[PDB]
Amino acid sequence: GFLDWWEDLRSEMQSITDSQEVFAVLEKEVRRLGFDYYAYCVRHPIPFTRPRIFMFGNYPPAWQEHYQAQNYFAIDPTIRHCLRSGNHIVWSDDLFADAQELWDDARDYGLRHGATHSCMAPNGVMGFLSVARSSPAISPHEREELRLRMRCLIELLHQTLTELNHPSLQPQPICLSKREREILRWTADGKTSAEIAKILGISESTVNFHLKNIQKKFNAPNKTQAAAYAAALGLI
């Protein structure tokens, strides 16, 4: 049954040593779900205007090249940084209402039925797992089991790739002290250096010294970027 399937896949993936074999197992499991193609996307939260995005999968190469040529990542709703009930969305005309050209084109490449499941690690990194096929529409009776299996797949995928330290997952490596973490929290809450100095019982000079060190660790021009980047990375 389901638990048998899950335990066998855990064992199969726990025995992996190279990232290449992870996606090979994934490809097999996606076909077992009844789909021809899958994609995996890692969206880091920063920079806010041009977020680091890593993309993987086995879509027909002709579709990859077209998706890239048309810059569809910038409008694709399936990888939007947004809230979806159940972290799951079955593809539909409504879903692409504001991305009509992408949906028009994708169906012309045979990607006519599918779903995307998403997860978000507490470090701002979001994963998206898509499955797609040309013909059978997704049946209502298979929808909920598909969501459950996809959730299991994307969780095991993300965990396995993190444990092999795949470059895609390693987020901006920042290390903040307890003191400067606390100063940045008050800063992100809108306090000035003077207020923070009174709150912590230290000199305004010491606060600014810490803010300067924080800004350098973020390579930021000002405290606004540092506080926003720390929030998005889950550091405060």
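Don't overthink the numbering: it's just position in the shown sequence, from 1.
>> Mean CA temperature factor from the deposited coordinates, higher in 166-174 or in 179-187?
In response: Looking at the record's C-alpha B-factors, the answer is 166-174.
>> Mean Cα B factor from the PDB record: higher for 50-58, or higher for 34-42?
In response: Per the PDB entry, the higher value belongs to 50-58.
> Which is it among 77, 86, 136, 114: the one with the largest CA B-factor in the entry?
Replying inline: Of 77, 86, 136, 114, 86 has the highest C-alpha B-factor.
>> Looking at the C-alpha B-factor values in the deposited entry, which of 146, 154, 161, 90 comes out highest?
In response: Highest C-alpha B-factor among the listed options: 161.
>> Is residue 142 in the lowest, middle or highest third of its chain when residues are ranked by C-alpha B-factor?
In response: It falls in the top third of the chain.
> Among the chain's modelled residues, which third holds the C-alpha B-factor of residue 71?
Replying inline: Middle third of the chain for residue 71's C-alpha B-factor.
> If you rank the chain by CA B-factor, which third does residue 13 end up in: lowest, middle or highest?
Replying inline: For residue 13, whose C-alpha B-factor we compare with every modelled residue in the chain, the answer is the highest third.
> Which third of the chain holds residue 132 when residues are ordered by C-alpha B factor: lowest, middle or highest?
Replying inline: Ranked within chain, residue 132 CA B lands in the lowest tercile.
> For residue 102, does the deposited CA B-factor place it in the lowest, middle or highest third of the chain?
Replying inline: Tercile = lowest for this residue's CA B-factor.
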